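**Student:** Got a structure for you, written out below as structure tokens; questions coming shortly.
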Amino acid sequence: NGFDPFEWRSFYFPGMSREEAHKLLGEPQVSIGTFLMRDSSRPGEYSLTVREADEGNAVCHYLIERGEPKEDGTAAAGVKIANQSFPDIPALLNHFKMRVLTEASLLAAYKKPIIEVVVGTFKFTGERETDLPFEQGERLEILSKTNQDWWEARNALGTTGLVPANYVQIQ
């Protein structure tokens with residue numbers, strides 16, 4: 001369909017708050033069915049945020065709770081939204097392509113607009129887990145000019161992270 005449930009980490013926004021998600025997904029040009037994942041205010045949980053209507057209640061949030069892992073260590077903990085259990089997060093996301101959460105189904109992953117297109121001028125291995133490693137000559141899309149030194153970038157795969165401004169050049 002409109003997204004690959006197995007690649008959900010590419011529509012996951014670790015830095016984003018509930019309030020920022022609500023604002024972004026609530027913007028007038030955002031189509032119903034647009035969604036993203038992010039961290040919950042609850043430790044070790046995820047939140048799914050979805051534009052489900054035009055006239056409020058426009059934007060809804062769902063706690064994705066992790067269940068109890070089997071004691072053998074040979075079956076990862078399942079996952080739950082409300083009182084529906086799923087073997088994993090991709091299974092959960094797939095399920096809501098064709099079934100509604102509250103008012104709408106998941107149609108398309110939210111994507112930030114491109115500020116500019118750049119290419120890597122040097123190789124970048126990354127320094128922190130928040131960074132986006134890239135190759136020299138690699139094409140990236142800049143999503144945010146955070147500060148003068150570090151910019152939020154997105155690679156061809158859809159993976160997002162910070163990159164040094166002095167390592168990229170307008171394409």
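Order determines the names: the first chain of the structure tokens is A, the second B, and so forth; residues in each chain are numbered 1 upward, and ligands are numbered 1 upward as they are shown.
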Can you tell me, as a PDB file with N, CA, C and O atoms, in the first residue's frame, what residues are no more than 8 Å from residue 3 of chain A when counting only C-alpha atoms, ignoring any on the same chain fewer than 3 positions away?

**Tutor:**
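So result.pdb came out as:
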```
ATOM      1  N   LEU A 107      -2.665   6.066   5.958  1.00  0.00           N
ATOM      2  CA  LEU A 107      -2.546   6.100   4.503  1.00  0.00           C
ATOM      3  C   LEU A 107      -1.125   6.437   4.086  1.00  0.00           C
ATOM      4  O   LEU A 107      -0.555   5.783   3.207  1.00  0.00           O
ATOM      5  N   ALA A 108      -0.554   7.459   4.721  1.00  0.00           N
ATOM      6  CA  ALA A 108       0.759   7.959   4.322  1.00  0.00           C
ATOM      7  C   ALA A 108       1.578   8.464   5.507  1.00  0.00           C
ATOM      8  O   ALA A 108       1.074   9.163   6.372  1.00  0.00           O
ATOM      9  N   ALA A 109       2.851   8.099   5.531  1.00  0.00           N
ATOM     10  CA  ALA A 109       3.781   8.603   6.532  1.00  0.00           C
ATOM     11  C   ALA A 109       4.008  10.112   6.343  1.00  0.00           C
ATOM     12  O   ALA A 109       4.215  10.589   5.213  1.00  0.00           O
TER      13      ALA A 109
END
```

**Student:** Could you give me the residues within segment 16-130 of chain A that DSSP places in alpha helix (DSSP H), as a PDB file with N, CA, C and O atoms, in the first residue's frame?

**Tutor:**
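This is the output file result_6.pdb:
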```
ATOM      1  N   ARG A  18       4.582  15.366  21.791  1.00  0.00           N
ATOM      2  CA  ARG A  18       3.170  15.262  21.483  1.00  0.00           C
ATOM      3  C   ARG A  18       2.658  16.572  20.885  1.00  0.00           C
ATOM      4  O   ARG A  18       1.924  16.581  19.896  1.00  0.00           O
ATOM      5  N   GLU A  19       3.059  17.682  21.491  1.00  0.00           N
ATOM      6  CA  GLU A  19       2.583  18.996  21.079  1.00  0.00           C
ATOM      7  C   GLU A  19       3.062  19.380  19.680  1.00  0.00           C
ATOM      8  O   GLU A  19       2.304  19.966  18.890  1.00  0.00           O
ATOM      9  N   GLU A  20       4.313  19.057  19.368  1.00  0.00           N
ATOM     10  CA  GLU A  20       4.810  19.357  18.037  1.00  0.00           C
ATOM     11  C   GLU A  20       4.123  18.499  16.979  1.00  0.00           C
ATOM     12  O   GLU A  20       3.712  19.004  15.931  1.00  0.00           O
ATOM     13  N   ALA A  21       4.007  17.203  17.252  1.00  0.00           N
ATOM     14  CA  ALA A  21       3.279  16.289  16.359  1.00  0.00           C
ATOM     15  C   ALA A  21       1.853  16.748  16.072  1.00  0.00           C
ATOM     16  O   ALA A  21       1.381  16.687  14.936  1.00  0.00           O
ATOM     17  N   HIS A  22       1.155  17.178  17.115  1.00  0.00           N
ATOM     18  CA  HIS A  22      -0.234  17.603  16.982  1.00  0.00           C
ATOM     19  C   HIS A  22      -0.320  18.823  16.065  1.00  0.00           C
ATOM     20  O   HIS A  22      -1.186  18.916  15.188  1.00  0.00           O
ATOM     21  N   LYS A  23       0.573  19.773  16.296  1.00  0.00           N
ATOM     22  CA  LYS A  23       0.654  20.957  15.458  1.00  0.00           C
ATOM     23  C   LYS A  23       0.962  20.592  14.004  1.00  0.00           C
ATOM     24  O   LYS A  23       0.263  21.027  13.099  1.00  0.00           O
ATOM     25  N   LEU A  24       2.009  19.798  13.777  1.00  0.00           N
ATOM     26  CA  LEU A  24       2.394  19.438  12.411  1.00  0.00           C
ATOM     27  C   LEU A  24       1.276  18.689  11.672  1.00  0.00           C
ATOM     28  O   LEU A  24       0.937  19.024  10.537  1.00  0.00           O
ATOM     29  N   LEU A  25       0.703  17.677  12.317  1.00  0.00           N
ATOM     30  CA  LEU A  25      -0.333  16.871  11.679  1.00  0.00           C
ATOM     31  C   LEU A  25      -1.676  17.599  11.598  1.00  0.00           C
ATOM     32  O   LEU A  25      -2.547  17.223  10.804  1.00  0.00           O
ATOM     33  N   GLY A  26      -1.828  18.656  12.395  1.00  0.00           N
ATOM     34  CA  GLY A  26      -3.035  19.459  12.382  1.00  0.00           C
ATOM     35  C   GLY A  26      -3.063  20.581  11.350  1.00  0.00           C
ATOM     36  O   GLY A  26      -4.096  21.234  11.165  1.00  0.00           O
ATOM     37  N   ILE A  89       5.184  -4.269  15.716  1.00  0.00           N
ATOM     38  CA  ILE A  89       4.765  -2.963  15.231  1.00  0.00           C
ATOM     39  C   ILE A  89       4.408  -2.969  13.729  1.00  0.00           C
ATOM     40  O   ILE A  89       3.472  -2.296  13.312  1.00  0.00           O
ATOM     41  N   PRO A  90       5.154  -3.723  12.901  1.00  0.00           N
ATOM     42  CA  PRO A  90       4.706  -3.713  11.502  1.00  0.00           C
ATOM     43  C   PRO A  90       3.318  -4.334  11.329  1.00  0.00           C
ATOM     44  O   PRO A  90       2.513  -3.841  10.522  1.00  0.00           O
ATOM     45  N   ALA A  91       3.038  -5.391  12.085  1.00  0.00           N
ATOM     46  CA  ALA A  91       1.735  -6.033  12.036  1.00  0.00           C
ATOM     47  C   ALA A  91       0.647  -5.046  12.458  1.00  0.00           C
ATOM     48  O   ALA A  91      -0.410  -4.975  11.834  1.00  0.00           O
ATOM     49  N   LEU A  92       0.923  -4.272  13.508  1.00  0.00           N
ATOM     50  CA  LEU A  92      -0.002  -3.250  13.990  1.00  0.00           C
ATOM     51  C   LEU A  92      -0.262  -2.209  12.913  1.00  0.00           C
ATOM     52  O   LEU A  92      -1.403  -1.856  12.655  1.00  0.00           O
ATOM     53  N   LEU A  93       0.805  -1.702  12.302  1.00  0.00           N
ATOM     54  CA  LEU A  93       0.699  -0.649  11.289  1.00  0.00           C
ATOM     55  C   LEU A  93      -0.014  -1.146  10.040  1.00  0.00           C
ATOM     56  O   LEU A  93      -0.858  -0.449   9.491  1.00  0.00           O
ATOM     57  N   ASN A  94       0.352  -2.339   9.572  1.00  0.00           N
ATOM     58  CA  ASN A  94      -0.362  -2.955   8.452  1.00  0.00           C
ATOM     59  C   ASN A  94      -1.857  -3.059   8.723  1.00  0.00           C
ATOM     60  O   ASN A  94      -2.692  -2.769   7.852  1.00  0.00           O
ATOM     61  N   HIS A  95      -2.193  -3.489   9.934  1.00  0.00           N
ATOM     62  CA  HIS A  95      -3.587  -3.724  10.293  1.00  0.00           C
ATOM     63  C   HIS A  95      -4.418  -2.455  10.086  1.00  0.00           C
ATOM     64  O   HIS A  95      -5.561  -2.508   9.634  1.00  0.00           O
TER      65      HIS A  95
END
```

**Student:** For the structure I just gave you, how does DSSP split segment 9-170 of chain A - specifically, which residues are strand (DSSP E)? Reply as a PyMOL selection string.

**Tutor:** chain A and resi 12-13+34-39+46-51+59-66+79-81+84-86+108-109+116-120+139-144+150-154+160-164+168-170

**Student:** When you look at segment 67-73 of chain A with a cut-off of 10 Å (counting only C-alpha atoms), what residues show up, excluding the ones that are within fewer than 4 positions of it in the same chain? I need them as a tab-separated table (two decimals) with N, CA and C atoms, in the first residue's frame.

**Tutor:**
```tsv
chain	number	residue	atom	x	y	z
A	77	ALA	N	8.52	-9.46	22.85
A	77	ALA	CA	7.26	-8.97	23.39
A	77	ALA	C	6.36	-8.46	22.26
A	78	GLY	N	5.07	-8.73	22.39
A	78	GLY	CA	4.10	-8.22	21.45
A	78	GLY	C	3.82	-6.77	21.78
A	79	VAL	N	2.80	-6.23	21.13
A	79	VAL	CA	2.53	-4.82	21.19
A	79	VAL	C	1.01	-4.63	21.20
A	80	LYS	N	0.55	-3.54	21.82
A	80	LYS	CA	-0.89	-3.31	21.94
A	80	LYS	C	-1.29	-1.86	21.70
A	85	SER	N	-4.10	-6.52	20.38
A	85	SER	CA	-2.73	-6.98	20.45
A	85	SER	C	-2.22	-7.37	19.07
A	86	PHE	N	-0.94	-7.11	18.84
A	86	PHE	CA	-0.27	-7.46	17.60
A	86	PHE	C	1.08	-8.07	17.88
A	87	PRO	N	1.54	-8.98	16.99
A	87	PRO	CA	2.82	-9.66	17.22
A	87	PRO	C	3.98	-8.67	17.24
```

**Student:** Go through A:163, A:36, A:50, A:106 and flag the residue nearest residue 122 of chain A, using only C-alpha atoms for the distances.

**Tutor:**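 With only C-alpha atoms as the atom set, the closest residue is A:163.
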
**Student:** Nearest residue to residue 148 of chain A out of A:171, A:136, A:125, A:166, using only C-alpha atoms?

**Tutor:**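 Smallest separation from residue 148 of chain A among the options: A:166.
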
**Student:** Tell me which of A:31, A:130, A:97, A:164 sits closest to residue 5 of chain A, counting only C-alpha atoms.

**Tutor:**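 Counting only C-alpha atoms, the residue closest to residue 5 of chain A is A:97.
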
**Student:** Between atom CA of residue 104 of chain A and atom CA of residue 82 of chain A, what distance in Å does the model show, to one decimal?

**Tutor:**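 Computing it gives 15.9 Å between the two atoms.
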
**Student:** Return the single residue from A:76, A:98, A:168, A:48 that is closest to residue 140 of chain A, with distances computed using only C-alpha atoms.

**Tutor:**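 That would be A:168, the residue with the smallest distance to residue 140 of chain A.
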
**Student:** Just how far from atom CA of residue 37 of chain A is atom CA of residue 132 of chain A, in Å to one decimal?

**Tutor:**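 Computed distance, atom CA of residue 132 of chain A to atom CA of residue 37 of chain A, equals 18.5 Å.
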
**Student:** So how far away is atom CA of residue 16 of chain A from atom CA of residue 110 of chain A, in Å?

**Tutor:**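 If I compute the distance from atom CA of residue 110 of chain A to atom CA of residue 16 of chain A, I get 12.6 Å.
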